[PDB]
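> Supplied in structure tokens, the structure appears directly below.
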Amino acid sequence: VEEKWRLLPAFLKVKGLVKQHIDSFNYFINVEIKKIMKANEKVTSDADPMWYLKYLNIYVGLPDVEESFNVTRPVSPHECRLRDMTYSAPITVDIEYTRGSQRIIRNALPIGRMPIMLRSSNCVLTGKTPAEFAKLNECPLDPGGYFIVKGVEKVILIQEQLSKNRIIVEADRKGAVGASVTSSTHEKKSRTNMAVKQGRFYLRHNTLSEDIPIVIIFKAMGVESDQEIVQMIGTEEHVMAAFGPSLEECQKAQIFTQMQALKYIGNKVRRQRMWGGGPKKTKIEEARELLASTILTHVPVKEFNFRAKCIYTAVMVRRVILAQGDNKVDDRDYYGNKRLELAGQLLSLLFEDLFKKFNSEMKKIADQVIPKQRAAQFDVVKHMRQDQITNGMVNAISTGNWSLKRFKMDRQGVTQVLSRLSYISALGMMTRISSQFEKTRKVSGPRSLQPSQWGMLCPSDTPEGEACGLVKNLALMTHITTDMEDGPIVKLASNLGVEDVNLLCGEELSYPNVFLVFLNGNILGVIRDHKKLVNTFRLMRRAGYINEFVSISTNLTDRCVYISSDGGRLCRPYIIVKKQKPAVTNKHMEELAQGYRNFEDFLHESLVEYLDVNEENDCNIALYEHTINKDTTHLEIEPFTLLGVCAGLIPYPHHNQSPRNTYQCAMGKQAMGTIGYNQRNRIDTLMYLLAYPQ
Amino acid sequence: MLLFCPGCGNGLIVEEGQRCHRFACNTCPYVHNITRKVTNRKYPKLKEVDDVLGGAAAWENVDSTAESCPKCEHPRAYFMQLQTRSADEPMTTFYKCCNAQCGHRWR
Amino acid sequence: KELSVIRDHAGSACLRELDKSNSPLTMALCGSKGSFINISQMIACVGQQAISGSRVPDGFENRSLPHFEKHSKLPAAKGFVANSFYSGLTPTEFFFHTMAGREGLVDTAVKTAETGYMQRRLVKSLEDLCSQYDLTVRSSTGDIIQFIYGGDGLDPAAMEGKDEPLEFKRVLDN
Amino acid sequence: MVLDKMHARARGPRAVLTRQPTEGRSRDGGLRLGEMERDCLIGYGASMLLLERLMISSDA
Amino acid sequence: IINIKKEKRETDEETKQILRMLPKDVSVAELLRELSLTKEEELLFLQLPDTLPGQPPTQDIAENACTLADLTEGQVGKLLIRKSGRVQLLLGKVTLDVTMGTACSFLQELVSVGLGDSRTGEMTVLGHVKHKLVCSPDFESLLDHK
Amino acid sequence: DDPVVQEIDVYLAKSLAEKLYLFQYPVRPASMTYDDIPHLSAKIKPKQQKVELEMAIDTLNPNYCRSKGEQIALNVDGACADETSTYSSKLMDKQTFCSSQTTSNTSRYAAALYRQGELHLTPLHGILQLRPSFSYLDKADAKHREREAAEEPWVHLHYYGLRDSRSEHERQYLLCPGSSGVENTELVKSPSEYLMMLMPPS
Amino acid sequence: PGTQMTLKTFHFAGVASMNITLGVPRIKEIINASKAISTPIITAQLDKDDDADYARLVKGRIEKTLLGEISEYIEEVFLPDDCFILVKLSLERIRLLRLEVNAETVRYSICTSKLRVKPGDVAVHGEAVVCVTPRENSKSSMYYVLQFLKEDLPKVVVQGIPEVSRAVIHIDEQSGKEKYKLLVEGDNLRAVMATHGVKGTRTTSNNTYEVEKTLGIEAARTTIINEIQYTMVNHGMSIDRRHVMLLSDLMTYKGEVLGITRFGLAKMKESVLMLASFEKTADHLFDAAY
RNA sequence: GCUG
DNA sequence: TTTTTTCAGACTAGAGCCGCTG
DNA sequence: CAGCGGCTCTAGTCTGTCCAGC
Ligand SMILES: [Zn+2]
Ligand SMILES: [Zn+2]
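Residue numbers (UniProt numbering), protein chains in the order written: chain A, 23 to 716; chain B, 1 to 107; chain C, 754 to 927; chain D, 1015 to 1074; chain E, 137 to 157, 245 to 284, 312 to 396; chain F, 6 to 154, 201 to 253; chain G, 1044 to 1333.
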């Protein structure tokens, strides 16, 4: 199949390269903003019970700048760079506030201005032919994916974080294996930990002043009876025996019923707010509020039913105990456990805080003026201020400081100025990943090259110096996934035979045959036959019934099958080999070039598939057709795509020692060469141009 | 070993009554009189024996009219049986022959 | 050890075939630049890439990369690169060589910070010590750390014979 | 490029707070003889050179 | 000491710790034991797919889900045991696959509840339930055909 | 693979479709059955199905520590009041079982009374988990606390156990007027219509 | 020298396991005078250097053997009166390997084990084949204490130095005489230099703190000379001894070995600004004003 | 952020 | 009211602990 | 039967992590 190379240009026309930045903002401006507005929809005043301020639909418009009182003319990216203006668009929202006593509905009220990344759907440049670009004074060969804030082009660097909703088994400094699942939802993001500090299991959370012994938490949740707790965690002699010291701790105390455990947890809840909170929330009630929205929030109580939270808690306890025995702690360097967050996610978190601050400030204004100033009606629309939202985002992009106190997020260095030393310097900056651990000076940690990075992160492209492995660069053919709906994956799984977990006593989870199904971190049931769920789910995805980026993976050592549609996960395209023969078939490859098929047709015809790092652990990829065996499952589309944009420019990289290739990647960015066709028009702080480039 | 109450399913504790030792619940009246011998064996893992017998150890299992080894057809060989793990394992048989111009290890 | 033998024997053959006029050999024969390991790697075979003195560890479960069978202890699934730099490295071999190369680059950057902190700590404790006309190394306080420097009283730089001052056989010949 | 990396300072602007030279070529700068350089001079045994460099030619 | 109220050793199949002194079945074997070896009737529990391949008859609808509550009494299908232990539930033109569910070992009771009067009624225990069957669509054959 | 064995006919009965419940006891092993234990009451709410049962435990058997039974009964009930009392006698006579609801819908679950050569399905109205209730201790604290310092009406049911002839009688209503043979008018849809029904277009 | 390492490894002591940290990290350990060094290694000389049999017996004395290894079975026995966890002890493994253990020795070891079995309730039965630990006085004494004892009874060390864990016997390759020296990974130099058959006169360590405590200051000077000059020639990196003869002699001239940390500077220097120019500038200036 |  | 974003390290108090020490 | 001596123990806490150059 000589033209297996032709697939790299075709995947690249639609996705890949700098697209992973563009398609991400597009999801935030078109889908995530509305999910955030539904979550913080409705503001209610303490002074008047009747007053209500819901938000109905939020739209983000075309970028325009008004230089007069009411002109509202359109604006171009070049003019903003020259006049040091910000390229941004108005955020317009629809509300139905109480007003005097009616339900006045307003359509299209501006709440502020949103910074717009170039080449995004809302950007003017999109859909423009090269001749049209000349009038807009923008180079056609411009990567995009950057924001013009105050006349400086700024790029939000991709950040690598451990995956949310997934329990992480990790040793503490004491060598004490613990566990920690970060629950990220659309309402509350919180950290819930489990710890064995004296040979007995305690649960820790920031709303609880002291660590609570786990059996008390189980009794509060509603699994009263020691046998039911022991049956859920384990029935093997070792698992039960090790949870034996922990049983005594509740027995020593007198907790034996839900009420006596809920009250104990309440006497420990931090009650920080004693002012403006009115009178309410008894100690027992505060506990039933915490156990139902604060602890393990990703799992959802139906009607104050913790049957689901209790099983998930048992799975965490069992994982600590098996790990404590053999000391097989999960690696936090494996790229399967790490999800990269690009602009959309960072912007959505920043917007979520600013929308809640704007809503809060409107309630505080309403509570102060509604009951005192006058019978004259309080109209929120007059007091609403555009500045809080506009100023907040711009400042975060202009200065790279992500200080969000609500989520305890204090990260600086999120945004950098786009480097215009050369065209390559700009393209490389777009595909740049920033690590989570940045102060680590241990050589064999994040700084090392991990085999899991194969095909996802360029092996040789890294800065030499303070950040030898801290900063990484994406390879050519890599797609970072975006969040999907999950309605179909839940349905296919039930019909595929996955029995519910509410209908079984926990003893099943310890039988060797039963395996647990997890979707984005929430249990969907228990299936006896792992292979049929895995080989049916793949067959369905190939026909296109299920989304291409959903990934099914199975871990035999811990009997669980994981289905992931979360987003932020690196995915690489691979040809499917069935019966020792590649599926491209030569004729299809000619059809791509001729025009009958595009890359999407190959994906839904079962010719090509996307595999994430977890799925790759279950596959036996063969780099070349000659290396095909009986066990081989897939074939690599092109070997050279393993290297990245900077690495590729080196001729014959394979024939050189590897440190030399790393130096070239850094030097190529520092070279002096043509920047763009609009280079003469631009008036940047420093521009270096070779007089006669070749 | 964990044993649980048939009534409420809390964990039992052993205590002493006026006539017998009892398994007793902490939360309900249920007690169970220990009338006869009851036991629970752990069977832990013993040490490795592989490098312990090599190099002319103090073996003793040889007896009169013992079989000759199969290669040399002479009785110039020792043989022994040992548990490799805990004593619930069925004992394995092993033997080593040492003769002039002849070194071998067999099973 | 066996993988090491293959590289050593391949290197010996490469040196024997090389003419007495190869620029790389001449630089190795004098010590101007290079070594015979560098020439062997370029012309014959680059060796097993070693991370922390051991074969590449398994990033995936029971497998270094998804391109080899699980639980494979075979050479080449654990970092042995048969090809020379001149022949070129196959994609899996290139990744293993990059992993070993990065370990060195990370080590140098981390090591420079550690040695610098250490030098400040040593120079902030030994700076006051100085030899005196009485021949006794003493502290600023006047406490005697030593009665003669290095027992002999000799200075390390002036030695011409591996910690011994004269090297008499050479002196008589001159 | 060497043209942009060439800096020399004799007597020039001194910072108001410490009366020591500036830290930037743009500000006329002045080079920092740091502790490691100072340690090498102590090893050489040059008492006068350290006094001239760190007091007279900096902030006497 | 009462022999029928011994303390519960934790694995429920292994309840007997004190005394007077398993492998996994498959759906072909389960149906064979209850036909040839023992003629006794037994209550099996089977979970069917969320939608059966039917139309709600005259039920005033929209392609809504079809359940056993919507159909009418009578023969609903045929159950085939094949060679090599494959079991199929042919429930129309389509064949659904049948597999053994999680092996429960806690007690399960099948009971009637009838509120025959406004405030009182009858509760009746019809029998114990031992085995669970799972019915699922054969997505490979359904899709391969079209 | 021809159907060499057991082509079994499958029927369907609706006579108990609004009456049949599956009760399950997560902490009680399959060998220890409540068939012998006398049941004293059954309570249900027919909507928001929450069944409660009370079972009598004897006191002349050796497994009852009467010394402790007198103490726990004295904690729960005031020494001689007896107008409202959990236990009539001076000992703990009864264990109460409280239900938790497993699932909101039960449309896809069916009980299957196997007989030789045929299978009879019947829809389930509910699946409930029965657990031993621990209220007796919460009330014992409430009557210790005082010394120191819902719209749905209950339905009462008579309990007929597995030994009673009413159980052998009503077990026949799980069968349906046996049909010799037919192809159902419903469940006629084709494989391609069925695949599009379980996997709807986005 | 520390700046110029190529960071090569190949430093396992030639046993192909238990690599010794040997680079600038080892130089940091020797200079800091840490009481705990990672990779502590007492090299011992046997009284008889040619007998593998003698080496095997001596290794048994130095290394720690847990009760569970030597115990055939371990049963918690509940009886109508008195529940006791009785450990069954094998008498063939005790003979198969030459370990001098008995029920009376085990009974002594079970007490003074931190298992709270300090009372004489623990008893010996039969012929070194059964030891019975009945229960404890308090702290959830019922069957709870018993559950802890059953899990923690196998861990008790019947014989051998608790601190040492991983003694390995190394054979020299010299053709004329083949000799065995056992290198123990552990820290109790006093015990490992007294066990019968280890010739104390030639046993040595790599922890200056362990040597200083057991063999005077002057031997602690010679290890600071040696273990720096051992780790400096291991990394190439030749150095004069007269530099190390000064660094050791500064480090141990005020009584005890004063490691060059922030803390060792306070015990070496009297002047404040020399301490104040080093770390802890706040406390060292206020305390010298006090 | 990069050069040293 | 709601996450973490390095890795040790050799000091400084308490909490006991058990046993002789009177 | 009672007490204070040292223990001994876990965590606690503050303290660093190359030079500079733009
Ligand atoms: Zn009980
Ligand atoms: Zn022989």
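For every residue, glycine included, the Cβ atom is placed at its ideal position computed from N, Cα and C.
Run the CB neighbour count on G:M1061, radius 10 Å, all protein chains shown included, and call it buried at 16 or more, exposed below.
Here the question's residue 1061 of chain G lines up with position 18 in the seventh sequence. Burial check for G:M1061: the Cβ neighbour count within 10 Å stays below 16, so the residue is exposed.
> By how many angstroms is the C-alpha of F:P251 removed from the C-alpha of F:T236?
What you label residue 236 of chain F is simply residue 185 of the sixth sequence in a count that begins at 1. What you label residue 251 of chain F is simply residue 200 of the sixth sequence in a count that begins at 1. Near 23 angstroms, if we compare the C-alpha coordinates of F:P251 and F:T236.
> Quick check for students: name the residue ranges of the beta strand (DSSP E) that lie wholly in the segment 521-550 of chain A, counting only runs of 3 or more.
537-541, 544-549
> With a threshold of 7 angstroms, establish whether the CB of residue 108 of chain B neighbours any heavy atom of ligand 2.
The requested residue 108 of chain B does not occur in the structure, where chain B is confined to residues 1 to 107.
> Comparing alpha-carbon positions, which option in G:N1277, G:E1170, G:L1110, G:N1269 lies nearest G:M1048?
Here residue 1048 of chain G refers to the residue found at position 5 when the seventh sequence is read from its first residue. For the residues G:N1277, G:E1170, G:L1110, G:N1269, the minimum Cα distance to G:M1048 belongs to G:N1277.
> Tell me whether the segment 839-853 of chain C and the segment 872-886 of chain C touch, counting them as touching only if at least three CB pairs, one residue from each stretch, are closer than 8 angstroms.
no
> Any heavy atom of ligand 2 within a distance shorter than 7 angstroms of the CB on B:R76?
Along the second sequence, one-based indexing puts residue 76 of chain B at 76. Indeed, a heavy atom of ligand 2 lies less than 7 angstroms from the Cβ.
> Whole angstroms are fine: how far does the CA of B:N40 sit from the CA of residue 1360 of chain G?
Nothing about residue 1360 of chain G can be read from this structure; chain G reaches only from 1044 to 1333.
> Taking a Cβ distance cut-off of 9 angstroms, strictly less, list which residues of the segment 251-264 of chain A are near chain G, in chain order.
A263, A264
> Can you tell which of A:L592, A:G695, A:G519, A:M136 has the C-alpha that lies nearest to the C-alpha of A:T558?
Here the question's residue 558 of chain A lines up with position 536 in the first sequence. With distances taken between Cα atoms, A:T558 lies closest to A:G519.
> Nearest chain G C-beta to B:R41 closer than 8 angstroms, yes or no?
Position 41 of the second sequence, counted from the start, is the residue given in the question as residue 41 of chain B. Yes - at least one Cβ of chain G is within 8 angstroms of the one on B:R41.
> Per DSSP, what are the beta-bridge partners of E:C385 in this structure?
Within the fifth sequence, the letter at position 135 stands for residue 385 of chain E. DSSP output for E:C385 lists E:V348 as bridge partner(s).
> Is the segment 352-365 of chain A in contact with the segment 631-645 of chain A, if contact means three or more CB pairs nearer than 8 angstroms?
Touching, yes.
> Indicate whether the contact test is met: 3 or more Cβ pairs, each with one atom in the segment 274-293 of chain A and one in the segment 237-256 of chain A, closer than 8 angstroms.
yes
> Can B:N40 be considered in contact with ligand 2, in the sense that its beta carbon sits closer than 7 angstroms to one or more heavy atoms?
Numbered from 1 along the second sequence, position 40 holds the residue referred to as residue 40 of chain B. Answer for B:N40: no, Cβ out of range of ligand 2.
> Among A:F155, A:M107, A:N52, A:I44, which residue has its Cα nearest to the Cα of A:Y699?
Along the first sequence, read from residue 1 onward, the residue named residue 699 of chain A stands at position 677. Per the C-alpha coordinates, the member of A:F155, A:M107, A:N52, A:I44 positioned closest to A:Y699 is A:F155.
> Roughly how many angstroms lie between the CA atoms of C:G914 and G:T1046, to the nearest whole one?
The count along the third sequence starts at 1 and reaches residue 914 of chain C at position 161. The count along the seventh sequence starts at 1 and reaches residue 1046 of chain G at position 3. If I take the Cα positions, the gap works out to 25 angstroms.
> Along the UniProt zinc finger region "TFIIS-type" (65-107) of chain B, where does the CB come closer than 8 angstroms to a CB of chain G? Name the residues.
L82, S86, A87
> Classify A:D353 as helix, strand or coil using the three-state DSSP reduction.
Here residue 353 of chain A corresponds to residue number 331 of the first sequence, with the count starting at 1. Three-state DSSP puts A:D353 in coil, outside helix and strand.
> Buried or exposed: where does A:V439 fall if 16 or more other Cβ atoms within 10 Å of its Cβ makes it buried?
Within the first sequence, residue 439 of chain A is the residue found at index 417, counting from 1. It is exposed - the Cβ of A:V439 has fewer than 16 other Cβ atoms within 10 Å.
> Using a Cβ-Cβ cut-off of 8 angstroms, state whether B:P29 counts as contacting chain E.
Indexing the second sequence from 1 puts residue 29 of chain B at position 29. Cβ-Cβ to chain E under 8 angstroms: no for B:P29.
> For C:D887, which three-state DSSP category applies?
Taking the first residue of the third sequence as position 1, residue 887 of chain C is located at position 134. The answer is coil: DSSP assigns C:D887 none of H, G, I, E or B.
> When Cβ atoms are compared, which residues of the segment 53-80 of chain F fall closer than 8 angstroms to chain B?
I62, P67, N68, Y69, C70, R71, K73, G74, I77
> Indicate, with yes or no, if ligand 2 has a heavy atom lying under 7 angstroms from the CB of B:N99.
Indexing the second sequence from 1 puts residue 99 of chain B at position 99. For ligand 2, at least one heavy atom lies less than 7 angstroms from the Cβ of B:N99.
> Report yes or no: is there a C-beta of chain E within less than 8 angstroms of the C-beta of A:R550?
Walking along the first sequence from the start, residue 550 of chain A turns up at place 528. A:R550 has a beta carbon lying within less than 8 angstroms of a beta carbon in chain E.
> Since E:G277 and F:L238 are thought to touch, with beta carbons under 8 angstroms apart, how far apart are those beta carbons, to the nearest angstrom?
For the purposes of this step, residue 277 of chain E is identified with residue 54 of the fifth sequence, where counting begins at 1. For the purposes of this step, residue 238 of chain F is identified with residue 187 of the sixth sequence, where counting begins at 1. Rounded, the Cβ-Cβ distance is 5 angstroms, consistent with contact.
> Would you say B:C20 lies against chain A (beta-carbon separation less than 8 angstroms)?
Taking the second sequence and counting its residues from 1, one reaches residue 20 of chain B at position 20. Not one beta carbon of chain A lies nearer than 8 angstroms to the beta carbon of B:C20.
> Along the chain, which unbroken stretches of the beta strand (DSSP E) at least 3 residues long are found entirely within the segment 1203-1242 of chain G?
1211-1214, 1223-1228
> Could you check where the alpha helix (DSSP H) with G:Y1273 kicks off and where it finishes?
Indexing the seventh sequence from 1 puts residue 1273 of chain G at position 230. Per DSSP, G:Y1273 belongs to the alpha helix (DSSP H) from 1261-1277.
> Under the DSSP definition of a beta bridge, which residues are partnered with A:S586?
Indexing the first sequence from 1 puts residue 586 of chain A at position 564. Paired residues: A:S573.
> Mind reading off the beta-carbon distance from C:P909 to G:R1264? Whole number of angstroms is fine, and I expect it under 8 angstroms.
Looking up residue 909 of chain C in the third sequence gives position 156. Looking up residue 1264 of chain G in the seventh sequence gives position 221. Between G:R1264 and C:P909 the Cβ distance is about 19 angstroms, and since that is not below 8 angstroms, they are no contact.
> Beta carbon of B:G7: closer than 7 angstroms to some heavy atom of ligand 1?
The sequence position of residue 7 of chain B within the second sequence is 7, counting from 1. Under cutoff, so the answer is yes.
> For the segment 11-90 of chain F, list the alpha helix (DSSP H) runs that are entirely contained and at least 4 residues long, ordered along the chain.
71-81
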